[PDB]
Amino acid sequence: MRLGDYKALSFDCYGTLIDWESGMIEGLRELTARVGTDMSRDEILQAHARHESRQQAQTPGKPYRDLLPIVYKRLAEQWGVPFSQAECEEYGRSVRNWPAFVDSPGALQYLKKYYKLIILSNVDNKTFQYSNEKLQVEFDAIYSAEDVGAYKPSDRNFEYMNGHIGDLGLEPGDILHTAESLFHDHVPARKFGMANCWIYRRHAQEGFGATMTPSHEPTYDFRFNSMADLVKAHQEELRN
């Protein structure tokens, strides 16, 4: 079972390629400073993970940039601090400042030479263009929640992808699904019988941070601590 057996990689974006935990800590800085209970970084992230995933189930058709303002509000009310609608909307715009993991541009440019690259992402298209600039590669396809009408882990996001990869000359068996999130990505990837590769970004950290906890932890076919280590394994297959 080898990485070179696939023609294409489908990627999660935020958590896998974009460091959305740094980005949202920064976008929420002014809000959490009002709490003054000196909350840990991971307590903020997990509180966000709960409200974001519940709100993505509540309104599956809401553009991500309009859904994050509601999550900001839900956080503020949970913490008992005051806030404004203008601050909510600004936090929804902050995604364009969420930084890439620094190995992402290099790793994607390497993989571009061997793989068609697909994005399957919980995002709107306007917002994702700003992240695509940071990642500095051209994706063969971008299947966003806005395109789908729903957010991962919904069946609909994976059905949508399977319904369009034909236009790239691909079948589901050609695709290695590569992601950080057990809950958003690997539980549904396994359910659809995809080969999957877990990028364990939080390997040196405690808990799941900004990704919701999965009900039952899924299996995976590959695991690497980073995109750099994925590229290292692939170079290894080529020389062996």
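All residue numbers refer to positions in the sequence shown, first residue = 1.
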Inset, instruction - Would you determine, from the values in the PDB entry, which of 65 to 73 and 22 to 30 has the greater average C-alpha temperature factor? - result: 22 to 30
Inset, instruction - Going by the average Cα B-factor in the PDB entry, point out whether 49 to 57 or 209 to 217 comes out higher. - result: 209 to 217
Legend entry - Relative C-alpha B-factor of residue 36, binned into the chain's lowest, middle or highest third: highest
Legend entry - Where the record places residue 114 (Cα B-factor, split into thirds across the chain): highest
Legend entry - Chain-wide C-alpha B factor ranking for residue 201, given as lowest, middle or highest third: highest
Inset, instruction - Check where residue 140 lands among this chain's C-alpha B-factors and tell me if it's the lowest, middle or highest third. - result: lowest
Inset, instruction - Consider only the C-alpha atoms of the modelled residues in this chain, order them by B-factor as the entry records it, and name the third containing residue 102: lowest, middle or highest. - result: highest
